[PDB]
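Heads up, the Cβs are rebuilt from the backbone with ideal geometry, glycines too, and the neighbour counts pull from every protein chain shown. What follows is calculated from the coordinates using simple rules that are stated; it is not laboratory data.
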Amino acid sequence: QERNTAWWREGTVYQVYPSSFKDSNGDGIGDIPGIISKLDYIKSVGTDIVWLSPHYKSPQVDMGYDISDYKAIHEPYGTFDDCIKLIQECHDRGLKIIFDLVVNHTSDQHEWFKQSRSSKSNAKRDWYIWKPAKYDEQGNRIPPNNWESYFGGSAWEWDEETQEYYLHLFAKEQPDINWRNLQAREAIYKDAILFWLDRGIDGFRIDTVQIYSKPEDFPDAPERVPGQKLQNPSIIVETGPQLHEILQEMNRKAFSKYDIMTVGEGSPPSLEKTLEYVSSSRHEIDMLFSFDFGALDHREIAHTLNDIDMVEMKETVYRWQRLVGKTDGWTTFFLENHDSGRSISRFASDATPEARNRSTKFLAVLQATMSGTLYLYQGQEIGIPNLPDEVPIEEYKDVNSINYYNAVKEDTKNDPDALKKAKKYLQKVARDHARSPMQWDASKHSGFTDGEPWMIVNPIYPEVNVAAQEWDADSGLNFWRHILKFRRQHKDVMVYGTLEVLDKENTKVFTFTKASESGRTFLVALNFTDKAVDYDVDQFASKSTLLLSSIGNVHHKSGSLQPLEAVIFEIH
Ligand SMILES: C[C@H]1O[C@H](O[C@H]2[C@H](O)[C@@H](O)[C@@H](O[C@H]3[C@H](O)[C@@H](O)[C@@H](O)O[C@@H]3CO)O[C@@H]2CO)[C@H](O)[C@@H](O)[C@@H]1N[C@H]1C=C(CO)[C@@H](O)[C@H](O)[C@H]1O
Ligand SMILES: C[C@H]1O[C@H](O[C@H]2[C@H](O)[C@@H](O)[C@@H](O[C@H]3[C@H](O)[C@@H](O)[C@@H](O)O[C@@H]3CO)O[C@@H]2CO)[C@H](O)[C@@H](O)[C@@H]1N[C@H]1C=C(CO)[C@@H](O)[C@H](O)[C@H]1O
Ligand SMILES: [Ca+2]
């Protein structure tokens, strides 16, 4: 297996969320012709690869991650031929395109499930996870175990007709596939994987890549939340008894037969268990998204917010940057996605127009200097921030946001202090901050739509929009275009280099080196705080030359780092 791998190792990925990128026909929903009309723009950012979020036929309970037919397109996004055309349009512009592979579960509207739920005697009954009910000391019906769904409530839904519980780690409308069933495996390989590989896509982002294989005895999850009755089972369903077997099968039957890239969502906590997924010697997948960085400011199982521990952040970056150079594996780096809040609001400052611009550049230096495959999310390049405090809870259309808030409403009997704390939690880390439509210009709804958008546009759009940043040399967009050019030109150090952490105990400045096998070495220093901090590069490098600062080289002062100032020096 000798492959073309440089294109995905060095490539810049731009993730498009179809419902929110560009509406071509005034119904308020983004669509594929709209995407096609903005591919020139996507290319102009420095993108090599487009990651298209789910666009298949789907009732949109979980905005496309509940799929009812892998071989058909969500009608608002366009026709089947619109999708074939999008692939060609990307290829025409020198852009690769990867689709989202969501096969841990399907919609409850998928024909497979309609048949499986039909009857215990149906041929596809075993294609999903059906378990009998249990009874307590008082004789009341209870589910097989304490598993909590990732979206709240029990992970088992009761089907009255067949008197059995079915598993759903996500919503009740997303029943989980039984990956022990070999007939289910074959139908998924045919419909979800090879159908699209045969129509010329360049690979897949694999949704929840670690949780396909459940442990046969479905035991109770550990007490992760002290005193709570239900417990999230992520820690026991990840890397299950058949997981590696399954990825090996996907590789042998499909991924190895085409010139593609595969990135899986979710990584183990250890280097060696991670290498079981991404070591090129394992012939499974190419790279993984780790949730570790995204978890530095909140704990989702307890819905709590916390201040970022700078030392923990250093250890978290090094943890997965380690893969490049010292192993035959690969890694990824990203600050934003369709499941996260905006990076400038969470890791920098969105307080003022000046701060929004400064913050966009600061985080661009942090991402651009990380080894592995770099991923951008639509709007990260212009610095879209979180929806402000004035946006009411009713605008948070995400099912996860609605479920959590409603859980607080029910369990606290509308305690207004509890709801305010719930709102504040969501204002920081809800998925809705990524789904507010892309901001093209200062017209009505930022030019995303001629009609009324499905989701409210962030009200900062008159200032923050593509049109306002295009011809301003000082904009976040032009900073991103420049730093991606810098990254490509110095790929030995930025893409493929080995990362080492210096000045570890410093709680205000993160300093790391990027070194290529040739010996060429860069030193990167980021002041994450709101105050100027004394910083002497001569204490970490004998000789250094400033290459760039996120605040402008002429504003860099020797002996210190300004608030949210990131600098790159060539050393040795
Ligand atoms: C949305 C996302 O849910 C899962 O990821 C999050 C977990 O639910 C959180 O609890 C938290 O996980 C932590 C683990 O509990 C902990 O053991 C440790 O590993 O750290 C984790 C981070 O603190 O954070 C996770 C990241 O948000 C789930 O695993 C992930 O796959 C889900 N995302 C995709 C799944 C679906 C289902 O189709 C979609 O709704 C999303 O759009 C997907 O992209
Ligand atoms: C103390 C803290 O103040 C500043 O942080 C503020 C931001 O500048 C504001 O933009 C605002 O951020 C909120 C966003 O508007 C909002 O969208 C939301 O989602 O989250 C943000 C709230 O967290 O409010 C912030 C005040 O909370 C300042 O920029 C920042 O540096 C300051 N952080 C200090 C904390 C540490 C300890 O970890 C020390 O190193 C320094 O005192 C500062 O770094
Ligand atoms: Ca539309």
Which listed residue, of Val464, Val457, is buried (at least 20 other Cβ atoms within 10 Å of the Cβ), farther than 27 Å from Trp320 by Cβ and in contact with a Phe, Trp or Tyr (Cβ under 7 Å, 6 or more places away or on another chain) = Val457
note = Of the conditions (1) in a loop (DSSP other than H, G, I, E, B); (2) under 22 Å from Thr47 (Cα atoms), the single one that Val493 does not satisfy is (1)
Of the criteria (1) within 16 Å of ligand 3 (Cβ to nearest atom); (2) assigned to a strand (DSSP E or B), which one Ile97 fails = (1)
Unique residue being among the hydroxyl-bearing types (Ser, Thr, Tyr), within 16 Å of the chain's Cα centre (by Cα), farther than 22 Å from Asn104 by Cβ and surrounded by 17 or more Cβ atoms within 10 Å (Cβ to Cβ) when the list is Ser343, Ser267, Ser290 = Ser343
task = Please work out which residue is farthest from ligand 3 (Cβ to nearest atom), limiting yourself to region 1-39 and to residues that are small (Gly, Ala, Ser) and in contact with an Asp or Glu (Cβ under 7 Å, 6 or more places away or on another chain).
result = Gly11
ask   = Exactly one of (1) more than 16 Å from ligand 2 (Cβ to nearest atom); (2) touching a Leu at 6+ places or on another chain (Cβ under 9 Å); (3) of a type in the set (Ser, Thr, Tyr); (4) within 20 Å of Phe21 (Cα to Cα) is unmet by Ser436. Its number?
value = (1)
ask   = Which condition does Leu52 not pass, out of (1) closer than 16 Å to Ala171 by Cα; (2) in contact with a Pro (Cβ under 8 Å, 6 or more places away or on another chain), if it passes all the others?
value = (1)
message = Filter region 112-134 down to the residues that are in contact with a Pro (Cβ under 9 Å, 6 or more places away or on another chain), small (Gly, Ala, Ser) and closer than 19 Å to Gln174 by Cα and list them by number.
response = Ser116
request  = Considering each residue of region 397-433, count those that are over 12 Å from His303 (Cβ atoms), surrounded by 19 or more Cβ atoms within 10 Å (Cβ to Cβ) and more than 13 Å from ligand 2 (Cβ to nearest atom), and give that number.
outcome  = 3
task = Report the residue count in region 528-572 for those that are of a type outside the set (S, T, N, Q), under 29 Å from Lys491 (Cβ atoms) and touching a strand residue (DSSP E or B) at 6+ places or on another chain (Cβ under 6 Å).
result = 17
inquiry  = So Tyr212 ticks every box in (1) out of contact with any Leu (no Cβ under 7 Å at 6 or more places or on another chain); (2) hydroxyl-bearing (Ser, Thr, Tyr); (3) not in a helix (DSSP H, G or I) but one. Which box is left unticked?
reply    = (1)
ask   = Do any helices (runs of 4 or more DSSP H) lying entirely in region 1-47 carry at least 3 residues that are under 22 Å from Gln88 (Cβ atoms) and away from ligand 1 (no atom under 16 Å from the Cβ), and which ones are they?
value = 32-37, 39-45
note = Expected output for region 211-223 (first residue closer than 16 Å to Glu148 by Cα, partner in a loop (DSSP other than H, G, I, E, B) and hydrophobic (A, V, I, L, M, F, W, C), Cβ below 7 Å, 6+ apart or cross-chain) is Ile211/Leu169; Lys214/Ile129
